[PDB]
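J.: Starting off with a structure, shown below.
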Amino acid sequence: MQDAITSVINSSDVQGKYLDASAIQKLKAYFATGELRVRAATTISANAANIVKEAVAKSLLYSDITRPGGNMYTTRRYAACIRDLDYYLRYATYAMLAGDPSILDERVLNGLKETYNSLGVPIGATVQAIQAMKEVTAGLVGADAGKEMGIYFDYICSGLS
Amino acid sequence: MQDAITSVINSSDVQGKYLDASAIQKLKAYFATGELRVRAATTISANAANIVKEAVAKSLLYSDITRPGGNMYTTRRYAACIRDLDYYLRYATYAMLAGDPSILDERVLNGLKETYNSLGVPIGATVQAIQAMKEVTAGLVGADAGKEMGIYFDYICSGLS
Amino acid sequence: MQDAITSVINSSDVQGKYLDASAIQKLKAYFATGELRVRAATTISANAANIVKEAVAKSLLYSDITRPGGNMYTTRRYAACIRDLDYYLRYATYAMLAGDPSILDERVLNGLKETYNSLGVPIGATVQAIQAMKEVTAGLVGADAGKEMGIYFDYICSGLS
Amino acid sequence: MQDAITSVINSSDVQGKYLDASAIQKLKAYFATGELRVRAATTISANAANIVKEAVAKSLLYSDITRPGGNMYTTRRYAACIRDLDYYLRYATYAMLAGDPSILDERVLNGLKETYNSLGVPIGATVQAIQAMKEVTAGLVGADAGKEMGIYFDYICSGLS
Amino acid sequence: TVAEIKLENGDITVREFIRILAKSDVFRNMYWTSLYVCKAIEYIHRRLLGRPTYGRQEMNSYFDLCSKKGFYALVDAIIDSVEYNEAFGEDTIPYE
Amino acid sequence: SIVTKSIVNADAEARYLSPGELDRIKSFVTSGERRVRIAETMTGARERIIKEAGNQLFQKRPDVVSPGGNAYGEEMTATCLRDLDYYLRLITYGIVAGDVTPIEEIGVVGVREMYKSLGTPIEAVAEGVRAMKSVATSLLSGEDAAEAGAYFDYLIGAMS
Amino acid sequence: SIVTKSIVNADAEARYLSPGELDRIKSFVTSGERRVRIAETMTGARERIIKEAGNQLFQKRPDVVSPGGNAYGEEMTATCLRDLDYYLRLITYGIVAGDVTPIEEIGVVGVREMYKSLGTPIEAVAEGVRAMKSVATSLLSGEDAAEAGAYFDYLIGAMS
Amino acid sequence: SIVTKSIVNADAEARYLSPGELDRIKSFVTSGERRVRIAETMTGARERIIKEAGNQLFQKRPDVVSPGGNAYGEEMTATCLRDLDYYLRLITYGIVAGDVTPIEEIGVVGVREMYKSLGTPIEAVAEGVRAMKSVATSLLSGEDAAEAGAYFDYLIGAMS
Amino acid sequence: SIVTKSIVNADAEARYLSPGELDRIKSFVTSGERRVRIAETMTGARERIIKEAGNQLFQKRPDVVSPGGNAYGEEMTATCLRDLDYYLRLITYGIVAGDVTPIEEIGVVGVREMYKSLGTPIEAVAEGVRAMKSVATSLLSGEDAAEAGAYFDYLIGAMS
Amino acid sequence: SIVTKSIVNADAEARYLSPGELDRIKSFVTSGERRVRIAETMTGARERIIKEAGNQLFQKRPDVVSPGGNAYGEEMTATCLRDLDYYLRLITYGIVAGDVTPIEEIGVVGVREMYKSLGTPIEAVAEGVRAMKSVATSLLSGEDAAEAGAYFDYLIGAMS
Amino acid sequence: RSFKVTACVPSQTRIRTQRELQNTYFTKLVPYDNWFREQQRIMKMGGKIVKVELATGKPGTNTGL
Ligand SMILES: *[C@H](C)[C@H]1/C(=C/c2[nH]c(/C=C3N=C(/C=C4\NC(=O)C(CC)=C4C)C(C)=C\3CCC(=O)O)c(CCC(=O)O)c2C)NC(=O)[C@@H]1C
Ligand SMILES: *[C@H](C)[C@H]1/C(=C/c2[nH]c(/C=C3N=C(/C=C4\NC(=O)C(CC)=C4C)C(C)=C\3CCC(=O)O)c(CCC(=O)O)c2C)NC(=O)[C@@H]1C
Ligand SMILES: CCC1=C(C)/C(=C/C2=NC(=C\c3[nH]c(/C=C4\NC(=O)[C@H](C)[C@H]4CC)c(C)c3CCC(=O)O)/C(CCC(=O)O)=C2C)NC1=O
Ligand SMILES: CCC1=C(C)/C(=C/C2=NC(=C\c3[nH]c(/C=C4\NC(=O)[C@H](C)[C@H]4CC)c(C)c3CCC(=O)O)/C(CCC(=O)O)=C2C)NC1=O
Ligand SMILES: CCC1=C(C)/C(=C/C2=NC(=C\c3[nH]c(/C=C4\NC(=O)[C@H](C)[C@H]4CC)c(C)c3CCC(=O)O)/C(CCC(=O)O)=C2C)NC1=O
Ligand SMILES: CCC1=C(C)/C(=C/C2=NC(=C\c3[nH]c(/C=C4\NC(=O)[C@H](C)[C@H]4CC)c(C)c3CCC(=O)O)/C(CCC(=O)O)=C2C)NC1=O
Ligand SMILES: CCC1=C(C)/C(=C/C2=NC(=C\c3[nH]c(/C=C4\NC(=O)[C@H](C)[C@H]4CC)c(C)c3CCC(=O)O)/C(CCC(=O)O)=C2C)NC1=O
Ligand SMILES: CCC1=C(C)/C(=C/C2=NC(=C\c3[nH]c(/C=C4\NC(=O)[C@H](C)[C@H]4CC)c(C)c3CCC(=O)O)/C(CCC(=O)O)=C2C)NC1=O
Ligand SMILES: CCC1=C(C)/C(=C/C2=NC(=C\c3[nH]c(/C=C4\NC(=O)[C@H](C)[C@H]4CC)c(C)c3CCC(=O)O)/C(CCC(=O)O)=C2C)NC1=O
Ligand SMILES: CCC1=C(C)/C(=C/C2=NC(=C\c3[nH]c(/C=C4\NC(=O)[C@H](C)[C@H]4CC)c(C)c3CCC(=O)O)/C(CCC(=O)O)=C2C)NC1=O
């Protein structure tokens with residue numbers, strides 16, 4: 001739940017002392033990179049229905065999985081697969097705006113073995129969808145913002161496998 | 001739940017027999033000290049918010065759990081600990097009139113171990129608190145019922161351990 | 001739902017007077033005839049499924065009202081009006097112990113007028129049934145308490161017609 | 001549920017036209033006075049319990065309804081009343097930022113008029129209390145914002161009376 | 001049945017009928033008295049709202065409410081929430 | 001028992017026990033000697049109760065002995081007198097426990113569906129308890145018949 | 001009252017009131033000529049109970065009499081005897097009622113609100129009430145204060 | 001921080017962060033050096049604040065120190081200064097975070113259940129914060145007293 | 001009617017009626033005259049189908065005629081014919097509608113709470129109406145006793 | 001609006017406004033003179049925006065202006081623009097409020113039932129309101145084309 | 001202690017294809033201790049409270065509820 005601000009003032013609360021100059025320097029390291037994230041979080045929010053559109057066509061479409069016998073065959077399953085991908089963009093922008101992958105341990109990595117195993121979701125196609133989604137996102141957002149966003153995409157698929 | 005009569009009754013019901021004289025002896029001992037417990041239950045419910053204040057200042061306050069780092073440092077988490085001790089004073093006084101620790105078993109101590117271990121709540125401070133609380137109620141009710149009230153407090157500290 | 005004990009409590013606090021001398025003989029009138037009521041209310045529960053044996057069998061059983069065309073001819077309208085007579089007995093016995101008809105106009109007489117004019121229930125059949133069940137209780141509790149039960153039975157028939 | 005920006009929108013929509021010059025003269029008038037409305041929102045919500053503990057002190061604390069015979073001796077009835085007068089402070093400060101009396105209509109005024117007649121409580125003592133609430137709140141926030149909060153207090157006052 | 005014939009009369013709605021159902025002693029014996037407390041918070045939340053509990057702060061708001069007010073306001077506070085009233089309505093039987 | 005109604009009806013409001021309900025606890029442990037003498041005498045003549053109240057029940061309702069009924073033959077009437085001995089035992093639990101609840105749980109809450117699945121009439125056993133209370137209140141004292149006869153009266157009044 | 005609490009409990013089970021509880025109303029009515037001596041003794045000492053228990057409270061908590069607490073001054077110590085007299089004007093409403101149903105609805109249900117809303121800490125209010133119900137137990141008999149003192153000491157745990 | 005409550009208010013609506021709230025985040029990060037200058041002047045005079053506001057609390061309420069109430073000697077008065085040291089520490093945490101959520105999760109949830117168990121008055125803590133408000137706003141600048149004092153009133157809304 | 005069951009089957013999902021469902025109505029119209037020929041065979045042969053099949057019930061269950069049971073020879077066995085005559089009247093109401101609900105709303109919905117209060121075995125009614133419709137299927141044909149056979153068996157499974 | 005959303009979210013938790021949220025309203029009110037001149041940028045040039053998107057819609061889809069289509073003839077074409085005249089009025093309400101809340105309650109919650117009933121294709125409207133978007137942002141400035149265009153792009157995806 | 005409301009509430013966001021006549025005219029009985037958590041539910045929905053009636057006993061009676 002916490003961010004780079006509320007990890008510093010949580011860890012400096014619990015020692016009992018006030019905010020000191022070793023911890024304010026950690027806040028200024030977040031405040032120097034804060035302007036980079038708000039430009040990064042704006043452009044993904046205007047293209048959330050289009051990053052998902054290209055990345056499904058990057059790795060998922062015209063496969064076994066799109067075809068019958070695969071998993072995303074029925075229209076009912078298909079939309080869901082966009083929707084079960086669209087949380088992975090919205091929660092990754094929240095952790096990019098936070099500067100901490102503490103949202104991602106908390107909202108979007110709880111059942112993520114056990115929901116997907118108890119629904120017939122293949123894990124190995126979701127990890128292949130996400131670095132197909134990371135490549136089009138870092139192309140859309142830039143080289144500098146792409147590696148900060150690239151931590152929180154690779155935080156998800158490492159916890160998902 | 002279960003009561004000391006309804007445990008003596010249910011012992012002679014699953015055997016199917018009638019009331020044995022040993023069971024009749026086991027009911028006269030409940031009725032001989034039943035007049036003591038009915039005066040003991042009022043004197044704790046009079047001071048039920050008072051005892052917890054006299055318990056938490058005996059062994060928890062000015063110590064290292066209500067200081068930065070401990071589980072009672074956050075002062076709106078220490079408010080959980082007061083009503084956590086309101087339960088163990090209430091349900092022990094239920095079990096004093098019941099003549100039976102079966103109030104505490106399937107209502108309090110069934111999932112109490114799994115709640116505390118899933119939060120990092122110190123077990124060893126809770127037994128440090130409840131065994132400190134047992135001295136306070138025995139001071140207020142007298143040494144007659146303090147043996148009776150000391151049993152069901154010790155049932156709480158045994159199953160939590 | 002309040003009895004005659006709470007009613008003289010209700011009429012004593014509100015004017016600024018204490019528990020005066022004139023309230024005591026209202027309570028002593030309750031405490032004199034209250035021993036009669038516990039002898040009364042047990043024996044109604046002995047015949048609570050037997051007054052309704054006599055309720056149909058005196059004024060309703062072999063009549064033209066039960067003959068196809070009347071109001072009490074359906075099995076969904078038969079069994080709905082034994083429970084509607086059984087509730088009128090049970091709430092009378094609450095008032096038999098209350099010394100007060102102030103359980104009747106909260107739970108019985110709240111919507112009972114308009115639900116009989118709308119559902120096609122004849123009012124005259126009920127007061128020929130309820131007042132018929134006054135005197136069978138006069139043979140079960142003795143002479144005096146049936147005249148006490150006849151107050152709340154007439155309070156039903158004053159509040160139904 | 002609306003506010004003063006969308007009420008200008010709604011008064012222009014149901015009339016039909018676009019944002020005409022009379023509405024922009026009304027809407028720019030809201031944005032000038034909207035700066036003082038925030039600085040008087042915080043100093044009410046600071047002293048929200050301190051206002052209502054003094055507004056009862058001007059009118060209600062030594063009167064007909066403290067000597068026995070009125071609304072508040074019964075501890076639930078006084079504690080509802082402090083809680084009712086608390087919610088007048090919340091909704092008027094919700095009415096102060098929103099810039100309209102219509103938020104008070106769909107949240108306070110429609111239901112409350114017929115309950116207070118039916119529950120037998122005086123409206124004349126309530127409108128004496130809110131007028132006593134008006135003369136303390138203007139002393140706290142200053143007089144110039146007191147003319148703002150004097151509007152929505154009177155809309156409760158004229159609405160209830 | 002005295003909870004039931006108010007619904008058949010139309011004097012109460014179904015949402016008031018569910019509250020007057022699950023305040024009875026037969027529901028209180030079956031799922032409150034004979035269970036652990038945070039089990040019994042979760043099971044009445046399972047039946048009436050038709051979903052499990054959402055997390056921790058959604059359950060800590062219920063555990064203090066039955067610590068102070070009792071079981072009768074636990075079964076109240078499930079029913080007059082926004083997620084009961086706007087996802088089921090005031091005339092539907094709840095479903096999982 | 002007396003606590004089992006009071007420890008549940010005050011737990012559900014999550015309060016401590018009100019001293020009106022502590023009268024109910026006090027109210028009996030002074031009666032626990034008087035409640036124990038009566039169930040010792042009820043068990044002590046439990047053979048004479050079933051052989052007498054079972055006897056003139058069939059002079060009142062002779063249908064269940066008759067063929068076409070359930071208890072045709074001695075192999076079923078002795079099975080029928082098990083439920084008389086069970087309900088006599090469930091009376092003696094309820095007098096000692098003090099109130100309505102142990103006879104309610106063990107022998108009441110399924111008897112409209114137990115006896116319907118057995119095909120037996122649910123009303124005829126309700127006639128027998130009124131004769132079981134007739135022979136019992138005929139043999140005990142007068143002051144306890146207002147106590148011990150009323151625990152009979154519950155398992156009548158929720159049977160039929 | 002104890003009549004009122006039994007009949008609302010029997011409505012919840014949708015049956016008649018049990019013979020376990022019918023002992024208690026029968027025990028209440030034979031003690032209805034026992035409860036009335038407690039009620040008349042508090043008439044004769046209501047100017048004696050309150051005027052001693054104030055100074056018993058003010059020697060226990062003299063923060064009240066200091067300038068700054070919620071009862072400082074002669075006009076302000078009027079209510080700190082009057083609210084104590086109001087609680088002595090609550091027990092005699094429920095001695096003869098037997099239990100706490102006039103104690104709640106006049107005294108308890110919002111008492112965490114209004115003493116916070118008047119600024120008085122209830123821990124001082126419950127202390128003088130505890131100081132009151134030591135003197136009233138000494139004034140009454142040993143059998144009277146055995147049950148009424150249990151009924152006295154409900155309010156201290158109910159307030160704080 | 002201001003990042004957290006721009007997320008949990010945007011997760012309940014289940015959509016992205018609109019640019020109506022992203023500009024306030026974008027104005028927050030460029031104004032980072034202003035808040036550290038508020039915080040360092042706040043914590044740099046932590047002995048000037050509590051030794052002045054401890055006196056101004058005791059002139060507003062002299063009953064905590066007078067014999068009978070809560071805080072005595074140089075031990076129990078000193079832990080009253082410890083809690084004011086906590087709330088001075090807890091209010092500079094929300095100034096740097098730019099939001100009232102770090103003072104929320106530590107100290108704006110549940111003390112009305114807590115302080116009544118401790119026996120301290122809740123409202124007398126709130127008069128200590130208003131003396132702490134007037135000391136720090138007199139020390140801080142003319143513009144930031146409307147910003148640092150915009151957290152000081154939030155503690156008054158917690159207790160009172 | 002089968003028209004009436006079809007609308008509420010469509011009104012629950014707020015739908016116009018399916019053309020496959022109107023095929024069931026159009027088949028019901030062209031077979032509407034056949035069911036009237038089924039119903040007159042019951043009403044014409046009523047005096048041979050009631051006194052015989054009731055006597056089959058009394059031969060299967062001779063518990064009924066014997067005293068101590070529900071019936072007795074002078075009119076109680078005669079009024080158990082008219083309480084059996086009502087159901088044959090309800091079958092003829094049901095077969096001309098092509099629906100179950102004329103059997104339901106007149107003679108199913110409260111029969112258990114009725115006959116417990118009346119003191120008859122409800123299962124003996126179910127064995128009696130089983131004896132009623134065993135001879136009713138052999139009355140008319142072998143073809144028409146199958147789709148009128150589907151309304152015979154429902155009342156057997158409604159009593160128990 | 002942001003004023004409406006911040007009250008209703010704070011009313012449901014029974015709380016006053018947070019100081020993080022009060023500075024949201026404070027910046028929203030003071031920037032209200034910025035947003036009203038974006039609204040008068042469109043209403044000052046509304047009769048050109050309708051006419052250019054009038055020519056731009058019927059170019060990309062000519063079946064609606066064709067005979068047989070739902071806007072055929074000089075009065076039946078007049079209406080489709082007047083329907084587009086409503087959506088200039090709606091989006092001008094949305095820029096002023098700073099939210100799509102007047103887009104909701106006035107304009108978009110029933111369009112999937114209305115034009116299906118009215119026979120006009122929703123996707124024919126969805127390009128005409130998209131050709132409105134291309135002619136609007138060419139007339140606006142650089143930064144507010146993201147601000148006003150979010151209310152445009154909300155009306156595309158909620159239409160189609 | 002039951003009230004007798006009558007409440008007119010509209011459908012805010014959805015267009016319900018089932019009838020739901022009863023979902024616009026709750027004229028139910030609500031008890032006193034839970035009316036006020038229930039009254040705010042109609043009030044936040046945008047409904048109109050038409051009348052409230054004391055179907056139970058007398059106001060001003062401070063005992064016996
Ligand atoms: C206090 C002296 C000790 C202590 C308490 C503490 N408890 C919690 C959290 C919980 N306590 C419970 C308690 C119970 N659940 C039950 O079912 C029963 C039987 C009736 C009891 C007694 C529960 C459910 C919780 C957690 C749910 C929640 O989110 O609140 C906390 C909070 C821990 C936290 O970090 O949030 C604390 C501090 N801990 C101590 O240190 C004392 C020994
Ligand atoms: C002082 C101005 C007021 C006051 C203070 C007082 N407090 C205590 C005891 C405690 N206070 C706390 C409060 C907190 N601890 C925290 O960690 C935080 C947030 C960071 C808060 C708000 C706690 C937990 C205790 C108990 C143990 C402890 O001291 O930590 C006392 C002592 C009371 C006693 O009986 O020992 C005092 C005097 N009380 C007043 O009267 C002033 C109004
Ligand atoms: C963030 C919290 C959260 C989690 C974890 C979540 C998981 C999630 N994924 C699901 C479904 C699904 N998900 C997929 C998955 C995919 N499509 C593909 O082709 C890929 C292989 C894969 C993902 C890229 C399928 C194929 C179904 C099942 C839908 C169904 O059968 O109902 C479902 C069931 C749909 C439903 O709710 O009924 C859930 C709950 N939803 C959430 O809100
Ligand atoms: C606890 C207080 C209380 C009472 C007394 C009460 C009565 C009551 N009687 C009702 C119906 C009924 N009441 C009767 C009454 C009778 N039939 C007759 O033959 C006689 C005229 C009368 C004998 C008692 C009938 C026939 C119906 C059902 C109407 C129908 O058949 O559709 C209904 C409508 C719901 C239903 O039962 O279907 C109520 C609410 N309700 C209460 O809550
Ligand atoms: C019978 C039911 C009943 C209750 C529960 C009740 C509470 C009550 N106490 C009050 C005042 C008060 N009560 C007190 C009593 C106390 N404060 C102290 O500091 C003392 C230590 C303490 C007594 C233990 C005082 C001093 C006031 C007036 C407060 C003020 O004027 O600021 C008031 C406002 C004045 C009035 O109209 O009486 C109410 C309503 N009144 C009632 O009629
Ligand atoms: C937010 C919109 C809103 C309003 C305004 C509101 C009022 C309201 N006032 C009530 C009670 C009450 N209110 C008072 C009020 C007073 N006593 C006095 O002497 C004064 C004249 C006055 C206040 C100082 C009294 C005596 C009662 C109890 C009367 C009863 O029991 O019905 C009740 C019943 C229970 C409850 O408190 O929740 C409601 C619902 N409810 C609402 O939803
Ligand atoms: C603890 C609660 C409880 C009771 C009391 C009880 C009785 C009981 N009655 C039984 C049978 C039976 N019980 C009866 C008894 C009667 N039918 C009548 O007509 C009379 C009304 C009545 C006796 C006078 C009959 C006839 C059977 C045999 C049913 C059959 O053969 O179909 C059986 C199965 C036979 C056996 O195990 O020996 C049990 C267990 N069971 C229980 O679980
Ligand atoms: C169509 C819906 C409907 C039904 C079913 C109905 C039944 C019904 N059956 C009745 C009686 C009766 N029914 C029986 C029946 C039996 N006793 C036995 O031994 C046999 C096992 C059994 C049937 C085969 C007896 C003996 C009575 C008279 C009971 C008495 O007078 O005490 C009575 C009371 C007297 C009468 O008016 O006829 C009704 C109203 N009324 C209706 O409106
Ligand atoms: C502000 C919210 C609002 C909307 C959305 C609205 C729609 C609306 N469009 C209408 C008709 C119409 N609307 C159109 C518009 C169109 N058809 C086309 O072919 C074009 C492609 C398209 C425009 C993009 C036309 C041609 C008619 C008349 C159709 C007829 O009369 O059959 C009508 C019926 C007559 C009337 O205008 O009063 C309504 C109510 N009215 C409103 O108040
Ligand atoms: C099954 C019997 C039944 C019907 C028909 C029924 C109708 C009904 N029409 C309603 C609204 C409405 N009804 C109309 C009606 C019209 N518009 C016009 O201009 C014409 C005059 C008229 C139709 C030709 C309008 C404009 C509304 C929305 C206003 C409102 O919220 O009441 C609502 C309010 C809820 C909603 O739809 O948002 C209901 C419940 N309820 C029922 O129980």
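Following the order of the structure tokens, first chain is A, next is B, and so on, with residues numbered from 1 inside each chain and ligands from 1 in the order they appear.
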When the cut-off is 10 Å and you count only C-alpha atoms and all ligand atoms, which residues lie near ligand 3, shown as JSON, numbers by chain?

T.: {"A": [52, 56, 60, 61, 65, 66, 70, 71, 72, 73, 74, 75, 76, 77, 78, 79, 80, 81, 82, 83, 84, 85, 86, 87, 88, 90, 91, 104, 106, 107, 108, 109, 110, 111, 112, 113, 114, 115, 116, 117, 118, 119, 120, 121, 122, 123, 124, 125, 126, 127, 128, 129, 130]}

J.: At a cut-off of 7 Å and counting only C-alpha atoms and all ligand atoms, what residues surround ligand 8? Please answer as number ranges by chain.

T.: C: 61-62, 66-68, 73-75; I: 64-65, 69-71, 76-77, 79-84, 86-87, 90, 106-107, 118, 120-122, 124-125, 128

J.: Could you list, as a compact mmCIF listing (two decimals) with C-alpha atoms, in the first residue's frame, every residue of chain K that has an atom within 12 Å of an atom of chain J, counting only C-alpha atoms?

T.:
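As written to disk, out_13.txt reads:
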```txt
# COMPACT_ATOMS: atom_id res chain seq x y z
CA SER K 11 -33.98 4.18 -10.62
CA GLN K 12 -30.83 6.26 -10.84
CA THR K 13 -28.51 4.68 -13.41
CA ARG K 14 -30.16 1.53 -14.75
CA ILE K 15 -33.16 0.84 -16.99
CA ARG K 16 -34.73 -2.25 -15.44
CA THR K 17 -36.56 -4.44 -17.95
CA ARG K 37 -29.47 3.76 9.33
CA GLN K 40 -30.15 7.54 5.08
CA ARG K 41 -30.17 4.69 2.56
CA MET K 43 -31.84 9.57 1.27
CA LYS K 44 -28.58 8.79 -0.50
CA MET K 45 -30.50 7.04 -3.27
```

J.: Report as a list in words: the residues of stretch 89-123 of chain B with a DSSP assignment of alpha helix (DSSP H), based on the backbone of this structure.

T.: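 Everything in stretch 89-123 of chain B that counts as alpha helix (DSSP H) is residues 89, 90, 91, 92, 93, 94, 95, 96, 97, 98, 102, 103, 112, 113, 114, 115, 116, 117 and 123 of chain B.
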
J.: Kindly indicate which residue among F:5, F:37, F:46, F:26 lies nearest to chain B, using only C-alpha atoms for the distances.

T.: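 The closest residue to chain B is F:26.
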
J.: Would you pick out the contacts of residue H:40 at 9 Å or less, using only C-alpha atoms, so that residues sharing its chain but fewer than 3 positions from it are not included, and give the list as a ChimeraX atom specification?

T.: /A:19-20 /H:35-37,43-45,92

J.: Export N, CA and C atoms of the chosen residues as a PDB file, in the first residue's frame?

T.:
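Below is the file that was written, part-v4.pdb:
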```
ATOM      1  N   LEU A  19      12.113  12.859  11.268  1.00  0.00           N
ATOM      2  CA  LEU A  19      12.692  12.725   9.945  1.00  0.00           C
ATOM      3  C   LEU A  19      14.068  13.363   9.937  1.00  0.00           C
ATOM      4  N   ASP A  20      15.073  12.588   9.555  1.00  0.00           N
ATOM      5  CA  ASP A  20      16.454  13.037   9.591  1.00  0.00           C
ATOM      6  C   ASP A  20      16.998  13.189   8.178  1.00  0.00           C
TER       7      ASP A  20
ATOM      8  N   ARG H  35       8.422  21.934   1.900  1.00  0.00           N
ATOM      9  CA  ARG H  35       7.876  21.206   3.038  1.00  0.00           C
ATOM     10  C   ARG H  35       8.956  20.722   3.983  1.00  0.00           C
ATOM     11  N   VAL H  36      10.151  20.459   3.460  1.00  0.00           N
ATOM     12  CA  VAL H  36      11.277  20.087   4.302  1.00  0.00           C
ATOM     13  C   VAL H  36      11.706  21.269   5.159  1.00  0.00           C
ATOM     14  N   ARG H  37      11.595  22.482   4.616  1.00  0.00           N
ATOM     15  CA  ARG H  37      11.863  23.683   5.398  1.00  0.00           C
ATOM     16  C   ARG H  37      10.793  23.925   6.452  1.00  0.00           C
ATOM     17  N   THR H  43      10.809  20.412  13.676  1.00  0.00           N
ATOM     18  CA  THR H  43      11.514  19.524  14.585  1.00  0.00           C
ATOM     19  C   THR H  43      12.748  20.160  15.197  1.00  0.00           C
ATOM     20  N   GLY H  44      13.207  21.296  14.668  1.00  0.00           N
ATOM     21  CA  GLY H  44      14.383  21.938  15.221  1.00  0.00           C
ATOM     22  C   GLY H  44      14.122  22.652  16.523  1.00  0.00           C
ATOM     23  N   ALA H  45      12.870  22.981  16.800  1.00  0.00           N
ATOM     24  CA  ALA H  45      12.484  23.658  18.025  1.00  0.00           C
ATOM     25  C   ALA H  45      11.494  22.816  18.814  1.00  0.00           C
ATOM     26  N   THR H  92       4.414  16.391  11.784  1.00  0.00           N
ATOM     27  CA  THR H  92       5.394  16.703  10.763  1.00  0.00           C
ATOM     28  C   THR H  92       5.548  15.572   9.767  1.00  0.00           C
TER      29      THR H  92
END
```

J.: Check every protein, DNA and RNA residue against ligand 10, keep those with an atom at most 6 Å away (counting only C-alpha atoms and all ligand atoms), and present them as a PyMOL selection string.

T.: chain K and resi 10-11+19-21+24

J.: Can those selected residues be exported to a file as a CSV table (one decimal), in the first residue's frame so that it contains N, CA and C atoms?

T.:
```csv
chain,number,residue,atom,x,y,z
K,10,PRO,N,-36.6,6.6,-7.3
K,10,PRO,CA,-36.5,6.3,-8.7
K,10,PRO,C,-35.3,5.4,-9.0
K,11,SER,N,-35.2,4.9,-10.2
K,11,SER,CA,-34.0,4.2,-10.6
K,11,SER,C,-33.0,5.2,-11.1
K,19,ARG,N,-40.3,-5.5,-13.9
K,19,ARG,CA,-41.3,-4.5,-13.6
K,19,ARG,C,-40.9,-3.6,-12.5
K,20,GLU,N,-40.6,-4.1,-11.3
K,20,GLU,CA,-40.0,-3.4,-10.1
K,20,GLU,C,-40.9,-2.2,-9.7
K,21,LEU,N,-42.2,-2.5,-9.6
K,21,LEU,CA,-43.1,-1.5,-9.1
K,21,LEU,C,-43.0,-1.4,-7.6
K,24,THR,N,-40.2,0.9,-6.2
K,24,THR,CA,-40.3,2.3,-6.1
K,24,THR,C,-41.3,2.7,-5.1
```

J.: Using only C-alpha atoms, find the residues of chain K whose closest atom to chain C is at most 7 Å away, then write them as number ranges by chain.

T.: K: 55-57, 61-64

J.: Would you mind exporting the chosen residues as a tab-separated table (two decimals), in the first residue's frame, restricted to C-alpha atoms?

T.:
```
chain	number	residue	atom	x	y	z
K	55	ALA	CA	-47.83	2.22	14.04
K	56	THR	CA	-46.59	1.27	17.53
K	57	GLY	CA	-47.21	2.97	20.89
K	61	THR	CA	-43.10	7.22	26.93
K	62	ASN	CA	-39.57	6.95	28.24
K	63	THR	CA	-39.85	3.36	29.52
K	64	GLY	CA	-40.94	0.08	28.00
```
